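Some notes on the structure that comes next.
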Amino acid sequence: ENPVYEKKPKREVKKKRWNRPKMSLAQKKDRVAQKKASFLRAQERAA
RNA sequence: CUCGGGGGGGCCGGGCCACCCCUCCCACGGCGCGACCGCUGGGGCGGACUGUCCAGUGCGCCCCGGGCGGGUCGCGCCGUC
């Protein structure tokens, strides 16, 4: 009788982000620097 | 002027270049200033994350400021047989 499809009406939604974005080169570079400082810092404490 | 023959100066008008002042535009090059794009320390807020010391790194919006680069445009000045 009526096979047509009435598309569900789109609604504007609050812009929300549900997953992390890629870490930047600077952040990835700093993290290595922080990790290296932490490793030696621990080694000095042990001694 | 020289022996009718021979050698010369010419005839008055216009505009142009050299002389002296300014003066319009264009092109090229240089110096100085401004507007817009436009390469890239701070401050405020929001957030996401990182580090086996509380410290640190991006991202978003906005407000600055520096180094000082170029591109477009607008000027002022200087140079050009």
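Ordering of the structure tokens sets the chain letters (A, B, ...), residue numbers begin anew at 1 in every chain, and ligands are numbered from 1 in the order given.
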Would you mind listing, for every residue of chain B within 12 Å of chain A, the two atoms forming the shortest contact and the distance between them in Å to one decimal, using only C-alpha atoms (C1' of nucleotides), sorted by chain and ascending residue number, as JSON lines?
```
{"residue": "B:47", "atom": "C1'", "partner": "A:17", "partner_atom": "CA", "distance": 11.0}
{"residue": "B:48", "atom": "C1'", "partner": "A:20", "partner_atom": "CA", "distance": 7.8}
{"residue": "B:49", "atom": "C1'", "partner": "A:23", "partner_atom": "CA", "distance": 7.8}
{"residue": "B:50", "atom": "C1'", "partner": "A:31", "partner_atom": "CA", "distance": 5.6}
{"residue": "B:51", "atom": "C1'", "partner": "A:34", "partner_atom": "CA", "distance": 5.0}
{"residue": "B:52", "atom": "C1'", "partner": "A:38", "partner_atom": "CA", "distance": 6.8}
{"residue": "B:53", "atom": "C1'", "partner": "A:41", "partner_atom": "CA", "distance": 8.5}
{"residue": "B:55", "atom": "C1'", "partner": "A:34", "partner_atom": "CA", "distance": 9.9}
{"residue": "B:56", "atom": "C1'", "partner": "A:34", "partner_atom": "CA", "distance": 8.0}
{"residue": "B:57", "atom": "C1'", "partner": "A:27", "partner_atom": "CA", "distance": 4.7}
{"residue": "B:58", "atom": "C1'", "partner": "A:27", "partner_atom": "CA", "distance": 5.9}
{"residue": "B:59", "atom": "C1'", "partner": "A:24", "partner_atom": "CA", "distance": 9.0}
```
Pull C-alpha atoms (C1' of nucleotides) from the residues just selected and write them as a PDB file, in the first residue's frame.
```
ATOM      1  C1'   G B  47      39.845  20.822  26.945  1.00  0.00           C
ATOM      2  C1'   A B  48      43.088  16.383  26.077  1.00  0.00           C
ATOM      3  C1'   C B  49      47.199  14.109  27.305  1.00  0.00           C
ATOM      4  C1'   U B  50      52.383  12.857  29.287  1.00  0.00           C
ATOM      5  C1'   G B  51      56.226  11.662  33.212  1.00  0.00           C
ATOM      6  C1'   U B  52      58.371   5.472  38.671  1.00  0.00           C
ATOM      7  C1'   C B  53      59.843  14.193  41.782  1.00  0.00           C
ATOM      8  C1'   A B  55      56.275  18.894  36.893  1.00  0.00           C
ATOM      9  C1'   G B  56      55.533  19.033  31.429  1.00  0.00           C
ATOM     10  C1'   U B  57      53.268  18.844  25.786  1.00  0.00           C
ATOM     11  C1'   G B  58      49.917  19.753  22.094  1.00  0.00           C
ATOM     12  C1'   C B  59      45.024  21.478  20.464  1.00  0.00           C
TER      13        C B  59
END
```
(message) Could you list, as a VMD selection string, every residue within 9 Å of segment 31-41 of chain B, counting only C-alpha atoms (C1' of nucleotides) and ignoring same-chain residues fewer than 6 positions away?
(response) chain B and resid 65 to 78
(message) Write out as an MDAnalysis selection string the set of residues from chain A that DSSP, computed on the backbone, places in helix (DSSP H, G or I).
(response) chainID A and resid 25:46
